[PDB]
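K.L.:
Pasting in a structure now, in structure tokens, and then I'll have a few things to ask.
In this analysis, Cβ positions are derived from the backbone assuming ideal geometry, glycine residues included, and neighbour counts consider all displayed protein chains. Rule-based calculations on the coordinates, nothing more; no lab input.
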Amino acid sequence: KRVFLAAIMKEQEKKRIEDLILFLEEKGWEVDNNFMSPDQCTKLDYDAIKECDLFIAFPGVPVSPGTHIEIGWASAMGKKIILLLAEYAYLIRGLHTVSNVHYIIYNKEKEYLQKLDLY
Amino acid sequence: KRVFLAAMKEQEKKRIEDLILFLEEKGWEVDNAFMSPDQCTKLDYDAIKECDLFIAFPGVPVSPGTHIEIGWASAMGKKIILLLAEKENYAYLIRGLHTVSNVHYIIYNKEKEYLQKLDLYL
């Protein structure tokens, strides 16, 4: 059970991630998550995604280049993808026709955590 | 073989048409030839799956679709050429993508520059 999670006011983002990792770990999942080069970071993420059984990401604005590449990685490898979208791109909305993708639309954090528990 | 091209606004259209022409005149077949996101995503994936060379323009503003396609090409083990404008620092996964798939970077400041460099690396 390995999960790859593709991820001031930025404290809200950090809080939502830590809540998610905790939520996943308490359901028996293993999250594949300080001096590192882009060569090593890219190498680590790819292998982590390659080894994971479930892929979870947060597509949206501002568009993260790294996240979308990782989405492309997971979809091409045929991984199990869960996309948490707040309510986008054409390739995001039609990604399901190419790989196992489950969308979860939310407006608040509490909403997607409950929906994710159901799925 | 077949090459996939992941791509004011008048300047962007001009640079693409020049590139397709440039590729076709070197014997390449560009995979361009009202539809839904379900069909568009399906077409791009298969086109990338079938191509022998992948060319993209990473940069700002960040295109979600382009970067997904980059992830597609890299995971499939396709031949990738990334044309980056200085600068550049760009994303970590872009700069380190070479360690995972066959990626060749071409840094440019003007259109004429990358077209010449692309002619050399071909």
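K.L.:
In region A:55-74, is there at least one residue being β-branched (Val, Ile, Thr), facing chain B (nearest Cβ under 10 Å), in a helix (DSSP H, G or I) and farther than 24 Å from B:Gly59 by Cα?
P.N.:
Step one: filter region A:55-74 for residues β-branched (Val, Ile, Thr), giving A:56, A:61, A:63, A:67, A:69, A:71.
Still in the list and also facing chain B (nearest Cβ under 10 Å): A:61, A:63, A:67, A:69, A:71.
Now drop any that are not in a helix (DSSP H, G or I), which leaves A:67, A:69, A:71.
Of the ones still in play, those that are also farther than 24 Å from B:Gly59 by Cα are none.
Within region A:55-74, none of the residues are β-branched (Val, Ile, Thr), facing chain B (nearest Cβ under 10 Å), in a helix (DSSP H, G or I) and farther than 24 Å from B:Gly59 by Cα.
K.L.:
Still on this structure, I have one more. Mind checking whether some residue in region A:80-87 is facing chain B (nearest Cβ under 9 Å) and not in a loop (DSSP other than H, G, I, E, B)? Before you say what the answer is, go through the steps one by one.
P.N.:
Of the residues in region A:80-87, the ones facing chain B (nearest Cβ under 9 Å) are none.
No, every residue in region A:80-87 fails to be facing chain B (nearest Cβ under 9 Å) and not in a loop (DSSP other than H, G, I, E, B).
K.L.:
Please state which one of A:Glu51, A:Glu25 is touching a strand residue (DSSP E or B) at 6+ places or on another chain (Cβ under 9 Å) and either over 29 Å from B:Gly77 (Cβ atoms) or of a type in the set (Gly, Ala, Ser) (or both). Can you show your working first?
P.N.:
Working: A:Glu51 fails: either over 29 Å from B:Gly77 (Cβ atoms) or of a type in the set (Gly, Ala, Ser) (or both).
Result of the check over A:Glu51, A:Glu25: A:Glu25.
K.L.:
Considering region A:33-53 alone, what residues qualify as being over 21 Å from B:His98 (Cβ atoms) and crowded, with 18+ Cβ neighbours inside 10 Å?
P.N.:
Within region A:33-53, just A:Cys52 meets the criteria.
K.L.:
OK, next. Cβ contacts < 7 Å: first residue more than 13 Å from A:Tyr90 (Cα to Cα) and more than 7 Å from chain A (Cβ to nearest Cβ), restricted to region B:27-48; second residue buried (at least 16 other Cβ atoms within 10 Å of the Cβ) and of a type in the set (D, E, K, R), any location; separation 6+ or different chain. Result?
P.N.:
B:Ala47/B:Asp31; B:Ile48/B:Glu69; B:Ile48/B:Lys78
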